[PDB]
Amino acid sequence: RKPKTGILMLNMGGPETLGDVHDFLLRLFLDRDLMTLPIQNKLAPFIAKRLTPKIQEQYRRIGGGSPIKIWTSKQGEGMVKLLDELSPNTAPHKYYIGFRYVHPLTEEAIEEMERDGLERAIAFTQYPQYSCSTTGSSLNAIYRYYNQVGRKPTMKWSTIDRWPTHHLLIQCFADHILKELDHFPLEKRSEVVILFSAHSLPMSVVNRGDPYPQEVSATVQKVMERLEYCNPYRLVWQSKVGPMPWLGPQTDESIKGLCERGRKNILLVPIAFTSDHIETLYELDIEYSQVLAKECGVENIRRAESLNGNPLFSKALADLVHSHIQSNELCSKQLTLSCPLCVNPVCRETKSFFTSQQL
């Protein structure tokens, strides 16, 4: 049977092999939704070239590439299997991967959805908490694709643009946390401090009104409420680079600070993504857990397993799509409000692209 409903799973992506690092960086430095640079068309290739060896080495240290596409594919397959059974009125469903900066690109996926002759298309961000830099850029890329090719869409579009507190997402995190807690020595379990760690943002982005940290905070509170506040926690922020001010405290400084203050049993939780990648496999596991924490005299540090192939997570995704379809929503109410200090004219046009869709 011909596919009727397409689910476009949006994520930034990561280089599958060390060879893919350069083009990954190049596409990213060319993204003007993500960042504006002087003489950008010339600086982008240069910075990409400059950072490539260092970034290649990081991927080498985790096994030679990003597992994002594998996890995204498995999650997508599980989601589709479920949707075909619980939403027959919209079946057959098909998932499409649209990575922002690596193949398959958002544009390539849209091309394939069109050729497949879908009746309905759903832009399903794989970031549960909205940031204009991630989800925003991915949604902008969809509007721009149609603008650039000078044609209207042939499919009815809509977006699931955020889902920071979906009860099944919450259950998966809480589940993974309890599992990791079971892996601490029993005598230390109650003493464990939970560090929720989300990718930081530079303060220039926070200060223009980015909804990300408030939504991340909502996810954290929902998870802790489900865990009945069994352990104390803090939300901290990782991956800052460069000399500018970013939102803190930093995950690395917090780990060190905790240890210096006698809290030497720490559970790291990657609360802002749904599968592994460099930020967990290299930064958290190698840099912070193996190296930093050893230097600080930690007793036990562990990290909750990423959601990855958890079947309940596939159920979360299917439920999200199912409710979205049944409610006839075009986008969240939140998408109808741009940042109070937004300075990117495409944000408004992208917002309108979704809110104005024919039903």
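Just count from 1 along the sequence shown to find any residue number.
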Per the entry, higher mean C-alpha B factor between 191 to 199 and 149 to 157:
149 to 157
Per the PDB entry, mean CA B-factor is higher for 111 to 119 or 238 to 246, namely for 111 to 119
From the list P88, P213, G257, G136, select the residue with the highest C-alpha B factor recorded in the entry.
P88
Per the entry, which of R144, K222, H176, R263 tops the list for Cα B factor?
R144
Quick one: classify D319 as lowest, middle or highest third of the chain based on its Cα B-factor.
lowest
Lowest, middle or highest third: where is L292 by Cα B-factor in its chain?
highest
Assert third(CA B-factor, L82) within chain per record equals highest
Rank-wise, by C-alpha B-factor, drop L37 into the lowest, middle or highest third of its chain.
highest
Is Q58 in the lowest, middle or highest third of its chain when residues are ranked by C-alpha B-factor?
middle
